[PDB]
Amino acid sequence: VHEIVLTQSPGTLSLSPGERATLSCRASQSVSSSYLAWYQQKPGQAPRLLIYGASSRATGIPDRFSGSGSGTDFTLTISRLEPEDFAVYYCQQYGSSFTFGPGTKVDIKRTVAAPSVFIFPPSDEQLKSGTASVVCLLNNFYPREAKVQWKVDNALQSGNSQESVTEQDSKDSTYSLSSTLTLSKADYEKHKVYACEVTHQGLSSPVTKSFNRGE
């Protein structure tokens, strides 16, 4: 018997309290004896076992959790989500192969909120150090999907930037993203206009924030 690959459709499920959650878990081949399990993980914590053997739940798990499926397709179902049920959910095989699923996040739902876009040039101290970091801040937005594009004298930057995203803010249930473009001081001083263009659902057209070097 070979190794089986596991796919967990979809990637993210936007959801509100009181709704009905349906998470899918696909496989490459038949799971032996329907040996598939469902774990829940909240950040900073270890996973919690919810379902074992496709449809059998563990001691203490509330009745709103259930599982089903067989062969090559399995399903986890939550009937009425509580404030504590927002977390990541994994499925794991243990018939012939023992891999985990990619995961599926269940985040709170709210009205679409457009990000606030700010741009920060490198400080003079950092330029003395020999490197330049430009920062593009997208603040208090929802949903999660967002695209940041760096433009240096209208040249699309690629491979010299990194992004960090917060968890859902406990008060407003929004997200914040921080993108850092890193250049050498020499490369930084050879160009003038630095911009980040943001594409998000809550924007009619992509919003560009820019500055001119030394202004």
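Numbering starts at 1 and runs along the sequence shown.
As listed in the deposited structure, the average C-alpha B-factor of 53 to 61 and of 159 to 167 is greater for 53 to 61. Between the stretches 79 to 87 and 126 to 134, it is 79 to 87 that shows the larger average CA temperature factor.
When the C-alpha B factors of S184, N154, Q29, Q41 are read from the deposited coordinates, the top value falls at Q29. Across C196, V193, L203, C25, the entry's maximum B-factor at the CA atom is seen for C25. Ranked against the other modelled residues of its chain, the C-alpha B-factor of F118 as given in the entry falls in the lowest third. The PDB entry assigns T111 a C-alpha temperature factor belonging to the highest third of its chain's modelled residues. Among all modelled residues in this chain, the alpha-carbon of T174 has a temperature factor (C-alpha) in the middle third.
In the deposited entry, the Cα temperature factor of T72 sits in the top third of values across the chain's modelled residues.
Among all modelled residues in this chain, the alpha-carbon of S66 has a temperature factor (C-alpha) in the highest third.
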